[PDB]
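A quick write-up on the structure given underneath.
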Amino acid sequence: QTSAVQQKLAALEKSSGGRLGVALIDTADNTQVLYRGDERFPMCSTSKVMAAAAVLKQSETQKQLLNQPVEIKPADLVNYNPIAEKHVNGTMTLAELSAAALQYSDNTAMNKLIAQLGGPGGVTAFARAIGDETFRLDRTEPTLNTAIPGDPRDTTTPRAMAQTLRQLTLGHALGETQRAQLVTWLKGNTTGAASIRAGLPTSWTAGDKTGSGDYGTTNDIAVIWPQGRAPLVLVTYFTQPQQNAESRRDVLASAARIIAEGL
Ligand SMILES: O=C(Nc1cccc(-c2nnn[nH]2)c1)c1ccc2n[nH]cc2c1
């Protein structure tokens, strides 16, 4: 069946020229709304959530892990490191690296999270441990954002990512303290106001993690507290046919608006 919401998302996609993937979970009733929900998309920096969460999981058995220093060397800087570059020749703690990766989308910080987990496969292994059979991280920053059509590396599906984000932020994939820390980090994101958030009523609150890459890939994943009802989890992924395509955060906002209007 095709619902009214799915028809509207198809019309938005058609006018955009790209490929749109949406997954909503409404925790009011656990119902899902899916558009291309089982197709693969490049995650880009939305993968930073999984990496930070995996470090939070490690911290459950090491009370001091988040305070552990990690050396930042000049050679560690990559292409977008607004926080890490301040600390080159010094150190940042794993908490600081998590906050920088999540709230500022710092790619050096993400690489330190990946290294703490033993490489990209350590992030995948954590995904599997929390019941996500779909997620895969294959590369570090910056190359995980190449976003080539048909490339399975560094991809997931909207359905899998929405389920994972629910388990991490609202469910019990993490300890209570760690879940609360992840939610605090997501709610303090600096990069999200033009993406899913832009499509929601202003009275609502949310936390989110954006991503973008080549092929005009423009992504956002959010946990949302609407006025007067239970939380939502929403994933919006978007990718385009040309390598040099522009970002389209407005398409993510439009998708979010259609979802909000369909509740
Ligand atoms: O790191 C990239 N992008 C990047 C860096 C840091 C943050 C973000 C981002 N966060 N939220 N939305 N975009 C995106 C990026 C892009 C295109 C590439 N082609 N080949 C390697 C690439 C790397």
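Because the Cβ atoms are built from the backbone with ideal geometry, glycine has one as well, and the counts that use them run over all protein chains shown. Only the coordinates and a few stated rules stand behind these numbers; no lab work does.
Quick notes on this one:
- Residues in region 112-160 that are within 15 Å of the ligand (Cβ to nearest atom), in a helix (DSSP H, G or I) and within 18 Å of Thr218 (Cα to Cα): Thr143, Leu144, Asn145.
- When each of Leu182, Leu165 is tested for being in a helix (DSSP H, G or I), of a type outside the set (D, E, K, R) and more than 16 Å from the ligand (Cβ to nearest atom), the lone residue that passes is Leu182.
- Subset of region 67-80 (residues that are more than 16 Å from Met110 (Cβ to Cβ) and surrounded by 14 or more Cβ atoms within 10 Å (Cβ to Cβ)): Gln68
- Any hit, region 42-58, residues being surrounded by 18 or more Cβ atoms within 10 Å (Cβ to Cβ) and part of a loop (DSSP other than H, G, I, E, B): yes
- Matching residues, region 106-131, being touching a strand residue (DSSP E or B) at 6+ places or on another chain (Cβ under 8 Å) and surrounded by 23 or more Cβ atoms within 10 Å (Cβ to Cβ): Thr108, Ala109, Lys112
- The residue pairs whose first member lies in region 216-240 and is within 11 Å of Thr27 (Cα to Cα), whose second member is among the polar types (S, T, N, Q) and away from the ligand (no atom under 12 Å from the Cβ), and whose beta carbons are closer than 8 Å, counting only pairs six or more residues apart or on different chains, are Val223/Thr169; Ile224/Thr205; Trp225/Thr205; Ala230/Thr27; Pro231/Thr27; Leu232/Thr27; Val233/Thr27; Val233/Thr169.
- Residues within region 81-105 that are surrounded by 19 or more Cβ atoms within 10 Å (Cβ to Cβ), within 16 Å of the ligand (Cβ to nearest atom) and either part of a loop (DSSP other than H, G, I, E, B) or among the acidic types (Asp, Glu) (or both), tallied: 3
- Condition check for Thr190 on (1) of a type in the set (S, T, N, Q); (2) away from the ligand (no atom under 16 Å from the Cβ); (3) in contact (Cβ under 8 Å) with a residue 12 or more places away in the chain: one failure, at (2).
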